[PDB]
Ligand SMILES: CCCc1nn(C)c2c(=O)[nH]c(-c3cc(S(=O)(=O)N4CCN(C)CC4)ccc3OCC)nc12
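There is one chain below, alone, in structure tokens, taken in the form deposited without the ligand.
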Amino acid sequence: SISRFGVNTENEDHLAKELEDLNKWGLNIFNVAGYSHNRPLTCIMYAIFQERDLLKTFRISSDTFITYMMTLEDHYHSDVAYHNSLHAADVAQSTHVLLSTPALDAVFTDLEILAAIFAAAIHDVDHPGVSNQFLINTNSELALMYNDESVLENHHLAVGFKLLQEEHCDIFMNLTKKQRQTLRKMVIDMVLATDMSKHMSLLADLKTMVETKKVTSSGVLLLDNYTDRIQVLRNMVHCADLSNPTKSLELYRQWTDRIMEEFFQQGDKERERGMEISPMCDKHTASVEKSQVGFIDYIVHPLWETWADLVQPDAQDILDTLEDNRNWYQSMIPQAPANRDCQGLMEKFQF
């Protein structure tokens, strides 16, 4: 209901224009946030669920859905530069687009589609704007609870599911016990997979799958067993999570400005607490351009190249944009002279 969003007819008309790109890679989620009183995750998720008739299929009332989504979205930190609800909204919408790629047509069940989009929506909830290592190094209660392993990722999941218990928030109330068990299994799998420390293993497994790749007479992929389906889904969400460099430059630049701002803020916290500054977190040493080029060359491109292979020729335009964006950043490198976590990777592979 538009009233729950507090949007007037004028901005509702603006949103109607923006949402024409709901099923497109070119959707501008920044504009959606601007016309929805900064509730891009709830707005885009509502639009997605309506578009896919998910509310109908799973007997989720608009009331329960919006209440839960607004609750979830409010648990993202609006003062965190990158890992906020705008990023979650972007990953959710990007996942929604990837799910409809021709090569995957009719491959996934409605429960798997629900699980993937839900996973994308909650994958960074209650993110503090600092890395797992920062939490571990400060002897954070969170790190102690999760034994220093995928600390934030485990937390995002715990929060995402815990919020279903708040008043009028159980969007899975009408799923069968079996469906809830299966969806929960898949969501946990996908969110845990967003831990950048698992990237290399994910890509390797994905490549191994592309080898045994099977298609139909029309070209559609064939995934008849659960293990292969969840493997594609976990990589799909991971790709959506790493899709910023594949969007139009106007968007990509904003995403980059944001992640750097977030890294710099962690750097400020480290300096404030007498800690050594983490890689990429010192604005007076960080090479933004070099870092993006290196990150694309060693992490993003390899991943998307593999995904494109799996769904060829579906993701060709994405690869072209990624290439153009990479070369733009390489050109922007101030005319100069001659680990296993995002921050460490960006510093290591720095071009």
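Take the two forms, find the largest set of C-alpha atoms that superpose within 1.5 Å, and that set is the rigid core. Quick note: we count residues from 1 along the sequence shown, nothing fancier.
Separately, the form deposited with the ligand bound exists; it is not shown, and the next lines address it.
Asks: My understanding is that the ligand gets transferred in the deposited complex by a local C-alpha superposition; in that placement, do 3 or more ligand atoms come within 2.4 Å of this form's backbone or C-beta, making it blocked, or is it open?
Replies: Blocked, going by where the ligand lands after superposition on the site C-alphas.
Asks: For the three residues 93, 114 and 234, which mark the spot I'm curious about, does each lie within 4.5 Å of the ligand in the deposited complex through at least one heavy atom?
Replies: No.
Asks: Is there a heavy atom of residue 83 lying 4.5 Å or less from a heavy atom of the ligand in the deposited complex?
Replies: The answer is yes: residue 83 has a heavy atom within 4.5 Å of the ligand.
Asks: Please check if residue 190 has a heavy atom lying within 4.5 Å of any heavy atom of the ligand in the deposited complex.
Replies: Flag for residue 190 set to no.
Asks: If we define contact as a non-hydrogen atom of the residue within 4.5 angstroms of the partner, is residue 278 a contact of the ligand in the deposited complex?
Replies: Yes.
Asks: Verify the contact flag for residue 36: yes if a non-hydrogen atom of it lies within 4.5 Å of a non-hydrogen atom of the ligand in the deposited complex, no if not.
Replies: Although the ligand is absent here, residue 36 would stay clear of it in the deposited complex, with no heavy atoms inside 4.5 Å.
Asks: So which of 169, 260, 206, 221 reaches within 4.5 angstroms of the ligand in the deposited complex, heavy atom to heavy atom?
Replies: Of the listed residues, the single hit is 260.
Asks: If the cut-off is 4.5 angstroms on heavy atoms, which of these, 196, 122, 104, 230, is the one near the ligand in the deposited complex?
Replies: By the 4.5 Å criterion, the partner-contacting residue is 196.
Asks: Using a 4.5 Å heavy atom cut-off, which of 206-214, 240-248, 139-147, 181-189 contacts the ligand in the deposited complex?
Replies: Result of the contact check: 240-248.
Asks: Would you give me the residues of 274-310 that have any heavy atom within 4.5 Å of the ligand in the deposited complex, in order from first to last?
Replies: Heavy-atom contacts to the ligand in the deposited complex: 278, 280, 281, 291, 292, 295, 299.
Asks: Identify which of 158, 275, 103, 142 has its C-alpha displaced by 2 Å or more between the shown form and the other one once the rigid core is superposed.
Replies: That would be 275.
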